[PDB]
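*Asks:*
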Amino acid sequence: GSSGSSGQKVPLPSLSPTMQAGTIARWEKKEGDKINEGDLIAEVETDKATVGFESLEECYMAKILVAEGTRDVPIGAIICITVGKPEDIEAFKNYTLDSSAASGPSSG
Numbered sequence: 001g002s003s004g005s006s007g008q009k010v011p012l013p014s015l016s017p018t019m020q021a022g023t024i025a026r027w028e029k030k031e032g033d034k035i036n037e038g039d040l041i042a043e044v045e046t047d048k049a050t051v052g053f054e055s056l057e058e059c060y061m062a063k064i065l066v067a068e069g070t071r072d073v074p075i076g077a078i079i080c081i082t083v084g085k086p087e088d089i090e091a092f093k094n095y096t097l098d099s100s101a102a103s104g105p106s107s108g
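Just so we're aligned: the sequence shown equals residues 1 to 108 in PDB author numbering.
1. Residue range of the beta strand (DSSP E) that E68 falls in?
2. Considering only C-alpha positions, which residue in the set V44, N94 and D88 is nearest to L12?
3. Let's see if you can read the secondary structure: which residues bound the beta strand (DSSP E) around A77?
4. Check whether the Cβ atoms of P74 and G32 sit closer than 7 angstroms, and answer yes or no.
5. Look up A21 in the DSSP assignment and say whether it is helix, strand or coil.
6. In three-state DSSP terms, what is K9?
7. Return helix, strand or coil for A42, following the three-state DSSP convention.
8. By Cβ distance below 7 angstroms, which residues in the same chain neighbour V51 in space, the five residues on each side in sequence not counted?
9. Throw me the rounded Cβ distance for the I41 and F53 pair, which I believe falls under 8 angstroms.
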């Protein structure tokens, strides 16, 4: 078809039972920062408390769609992206979900 960008979207995983939405406490890691399985990727604030999202494996921060502090973060809402190499990060440095918006959440 078309082999261009090869990244991985990270859908805000429900770190709770009745978790409907969370808040990106902090991005323990940054863009271009190497991540290792277990290494804290970021913290999420839930009615329960501030949870810690661990990595699923080795990789690097592709893009951080949702920054830290973003409140009202729904479950599944890509929080960040991951790649297999840093040489791709750069390419992902300038990534946008469907280039189309005015001011705020639009989602065409």
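Heads up, the beta-carbon is just placed ideally off N, CA and C, and yes, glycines get one too.
*Replies:* Inspection of the coordinates gives the following:
1. No residue range can be given for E68, since it is assigned to no beta strand (DSSP E) and is classified by DSSP as neither H nor E.
2. Nearest of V44, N94 and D88 to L12, Cα basis: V44.
3. Taken as a continuous stretch (DSSP letters only), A77 belongs to no beta strand (DSSP E), as it is neither H nor E.
4. If you check the CB distance, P74 and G32 do not come in under 7 angstroms.
5. Strand at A21.
6. Looking at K9 - three-state DSSP - the assignment turns out to be strand.
7. Residue state, collapsed to three classes: strand.
8. Non-local beta-carbon contacts of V51 in its own chain, meaning distances under 7 angstroms to residues more than five positions away in sequence, involve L15, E43 and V44 in chain order.
9. Between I41 and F53 a beta carbon distance of about 5 angstroms is seen, short of the 8 angstroms cut, so the two are scored as contacting.
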